[PDB]
Number of protein chains: 2
Amino acid sequence: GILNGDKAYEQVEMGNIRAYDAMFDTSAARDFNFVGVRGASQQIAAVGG
Amino acid sequence: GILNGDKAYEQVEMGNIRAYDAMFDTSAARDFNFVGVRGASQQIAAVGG
């Protein structure tokens, strides 16, 4: 659904990682997905235009 | 002494950290220091001018 403001996931920065979604590890989560992060990151970008 | 090329310590990137030397933890090392990292980072910068 809609995004969150609980965390600064938009402030996470990493070296040499080119894709934003590749900064996050969903493997331990049985709840969330790989298209979930990519779909979220498209909603994150759309906030900024 | 002189710098190294064994590692990409110049490619380490972190969020919200303003000082380059503050990216590194010397606490576990009994060999190295806090002015050692700052002195190194001044030699790292001087390479680029």
# chains A, B, ... in the order shown; residues from 1 in each chain; ligands from 1
call {"tool": "interface_residues", "arguments": {"of": "chain B", "to": "chain A", "cutoff": "6 Å", "atoms": "only C-alpha atoms", "output": "PDB file with N, CA, C and O atoms, in the first residue's frame"}}
result
ATOM      1  N   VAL B  12      34.581   3.270   0.555  1.00  0.00           N
ATOM      2  CA  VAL B  12      33.613   3.009   1.609  1.00  0.00           C
ATOM      3  C   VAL B  12      32.691   4.209   1.742  1.00  0.00           C
ATOM      4  O   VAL B  12      33.146   5.355   1.840  1.00  0.00           O
ATOM      5  N   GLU B  13      31.388   3.955   1.730  1.00  0.00           N
ATOM      6  CA  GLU B  13      30.386   5.003   1.806  1.00  0.00           C
ATOM      7  C   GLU B  13      29.345   4.621   2.845  1.00  0.00           C
ATOM      8  O   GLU B  13      29.031   3.442   3.016  1.00  0.00           O
ATOM      9  N   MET B  14      28.839   5.622   3.556  1.00  0.00           N
ATOM     10  CA  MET B  14      27.940   5.425   4.682  1.00  0.00           C
ATOM     11  C   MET B  14      26.964   6.583   4.735  1.00  0.00           C
ATOM     12  O   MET B  14      27.256   7.680   4.255  1.00  0.00           O
ATOM     13  N   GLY B  15      25.802   6.336   5.331  1.00  0.00           N
ATOM     14  CA  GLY B  15      24.775   7.353   5.429  1.00  0.00           C
ATOM     15  C   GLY B  15      24.988   8.254   6.634  1.00  0.00           C
ATOM     16  O   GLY B  15      25.373   7.799   7.710  1.00  0.00           O
TER      17      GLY B  15
END
call {"tool": "calpha_fit_and_write", "arguments": {"fixed": "chain B", "moving": "chain A", "output": "compact mmCIF listing (two decimals) with N, CA and C atoms, in the first residue's frame"}}
result
# COMPACT_ATOMS: atom_id res chain seq x y z
N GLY A 1 53.28 5.48 7.80
CA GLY A 1 54.04 5.75 6.59
C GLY A 1 53.22 6.03 5.35
N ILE A 2 53.50 5.30 4.27
CA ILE A 2 52.86 5.52 2.98
C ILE A 2 51.55 4.76 2.93
N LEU A 3 50.71 5.10 1.95
CA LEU A 3 49.37 4.54 1.86
C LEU A 3 49.41 3.15 1.24
N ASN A 4 48.23 2.58 1.06
CA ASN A 4 48.08 1.22 0.56
C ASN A 4 47.13 1.21 -0.63
N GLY A 5 47.20 0.14 -1.40
CA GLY A 5 46.28 -0.07 -2.50
C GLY A 5 45.65 -1.44 -2.43
N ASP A 6 45.87 -2.12 -1.30
CA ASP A 6 45.34 -3.46 -1.12
C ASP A 6 43.82 -3.46 -1.03
N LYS A 7 43.23 -2.39 -0.50
CA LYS A 7 41.81 -2.33 -0.24
C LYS A 7 41.24 -1.05 -0.82
N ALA A 8 39.93 -1.07 -1.06
CA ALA A 8 39.23 0.12 -1.52
C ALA A 8 38.65 0.91 -0.36
N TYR A 9 39.48 1.25 0.63
CA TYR A 9 39.01 2.05 1.75
C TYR A 9 38.55 3.43 1.32
N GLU A 10 38.96 3.88 0.14
CA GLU A 10 38.48 5.15 -0.40
C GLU A 10 37.11 5.02 -1.06
N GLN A 11 36.59 3.81 -1.20
CA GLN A 11 35.27 3.58 -1.77
C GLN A 11 34.22 3.28 -0.72
N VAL A 12 34.58 3.27 0.55
CA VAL A 12 33.61 3.01 1.61
C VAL A 12 32.69 4.21 1.74
N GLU A 13 31.39 3.96 1.73
CA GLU A 13 30.39 5.00 1.81
C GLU A 13 29.35 4.62 2.85
N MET A 14 28.84 5.62 3.56
CA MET A 14 27.94 5.43 4.68
C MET A 14 26.96 6.58 4.73
N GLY A 15 25.80 6.34 5.33
CA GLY A 15 24.78 7.35 5.43
C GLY A 15 24.99 8.25 6.63
N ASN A 16 24.77 9.55 6.42
CA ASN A 16 24.67 10.54 7.49
C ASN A 16 25.99 10.80 8.19
N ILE A 17 27.03 10.05 7.85
CA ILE A 17 28.35 10.25 8.44
C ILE A 17 29.05 11.36 7.67
N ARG A 18 29.42 12.43 8.37
CA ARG A 18 29.97 13.62 7.74
C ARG A 18 31.49 13.56 7.60
N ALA A 19 32.17 12.98 8.58
CA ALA A 19 33.62 12.89 8.56
C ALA A 19 34.06 11.56 7.97
N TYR A 20 35.07 11.60 7.11
CA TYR A 20 35.55 10.38 6.48
C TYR A 20 36.14 9.42 7.50
N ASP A 21 36.95 9.94 8.41
CA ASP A 21 37.57 9.11 9.44
C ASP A 21 36.56 8.47 10.37
N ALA A 22 35.38 9.06 10.52
CA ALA A 22 34.35 8.52 11.38
C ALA A 22 33.67 7.30 10.78
N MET A 23 34.08 6.88 9.59
CA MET A 23 33.54 5.70 8.95
C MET A 23 34.19 4.42 9.42
N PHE A 24 35.25 4.51 10.21
CA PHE A 24 36.10 3.37 10.53
C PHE A 24 36.17 3.18 12.04
N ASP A 25 36.21 1.92 12.47
CA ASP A 25 36.25 1.57 13.88
C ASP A 25 37.63 1.00 14.21
N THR A 26 38.40 1.75 14.99
CA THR A 26 39.73 1.33 15.41
C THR A 26 39.73 0.63 16.76
N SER A 27 38.56 0.47 17.39
CA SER A 27 38.52 0.06 18.79
C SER A 27 39.08 -1.33 18.99
N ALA A 28 38.75 -2.26 18.09
CA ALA A 28 39.24 -3.63 18.24
C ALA A 28 40.72 -3.75 17.95
N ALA A 29 41.30 -2.80 17.21
CA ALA A 29 42.70 -2.87 16.85
C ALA A 29 43.56 -2.31 17.97
N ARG A 30 44.48 -3.12 18.48
CA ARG A 30 45.49 -2.67 19.43
C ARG A 30 46.69 -2.05 18.73
N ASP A 31 46.68 -2.03 17.41
CA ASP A 31 47.79 -1.61 16.58
C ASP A 31 47.65 -0.15 16.18
N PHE A 32 46.43 0.30 15.91
CA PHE A 32 46.17 1.55 15.22
C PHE A 32 45.41 2.50 16.14
N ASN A 33 45.25 3.73 15.68
CA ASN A 33 44.88 4.82 16.57
C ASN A 33 43.72 5.66 16.03
N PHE A 34 43.42 6.76 16.71
CA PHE A 34 42.45 7.73 16.21
C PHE A 34 43.09 8.87 15.44
N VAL A 35 44.33 9.23 15.76
CA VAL A 35 45.06 10.16 14.92
C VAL A 35 45.69 9.44 13.74
N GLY A 36 45.79 8.12 13.80
CA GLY A 36 46.27 7.37 12.66
C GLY A 36 45.30 7.41 11.49
N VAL A 37 44.01 7.30 11.77
CA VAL A 37 43.02 7.37 10.70
C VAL A 37 42.92 8.79 10.16
N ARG A 38 42.92 9.78 11.04
CA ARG A 38 42.85 11.16 10.59
C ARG A 38 44.10 11.56 9.82
N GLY A 39 45.27 11.10 10.27
CA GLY A 39 46.49 11.36 9.53
C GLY A 39 46.51 10.65 8.20
N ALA A 40 45.99 9.42 8.15
CA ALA A 40 45.88 8.70 6.89
C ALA A 40 44.93 9.41 5.94
N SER A 41 43.78 9.85 6.44
CA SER A 41 42.79 10.49 5.58
C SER A 41 43.28 11.82 5.04
N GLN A 42 44.22 12.46 5.72
CA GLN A 42 44.85 13.65 5.14
C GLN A 42 45.82 13.28 4.03
N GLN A 43 46.45 12.11 4.13
CA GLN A 43 47.28 11.64 3.03
C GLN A 43 46.43 11.09 1.89
N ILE A 44 45.26 10.54 2.20
CA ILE A 44 44.34 10.08 1.16
C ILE A 44 43.85 11.27 0.34
N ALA A 45 43.47 12.35 1.01
CA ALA A 45 42.98 13.53 0.30
C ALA A 45 44.08 14.19 -0.52
N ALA A 46 45.30 14.26 0.03
CA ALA A 46 46.41 14.89 -0.67
C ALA A 46 46.77 14.19 -1.96
N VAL A 47 46.43 12.90 -2.09
CA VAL A 47 46.63 12.20 -3.35
C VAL A 47 45.78 12.82 -4.45
N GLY A 48 44.51 13.10 -4.14
CA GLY A 48 43.64 13.73 -5.10
C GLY A 48 43.85 15.21 -5.28
N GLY A 49 44.69 15.83 -4.46
CA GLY A 49 44.91 17.26 -4.54
C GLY A 49 44.02 18.10 -3.67
call {"tool": "select_by_dssp", "arguments": {"residues": "stretch 2-45 of chain A", "states": "helix (DSSP H, G or I)", "output": "list in words"}}
result
residues 9, 10, 11, 21, 22, 23, 34, 35, 36, 37, 38, 39, 40, 41, 42, 43, 44 and 45 of chain A
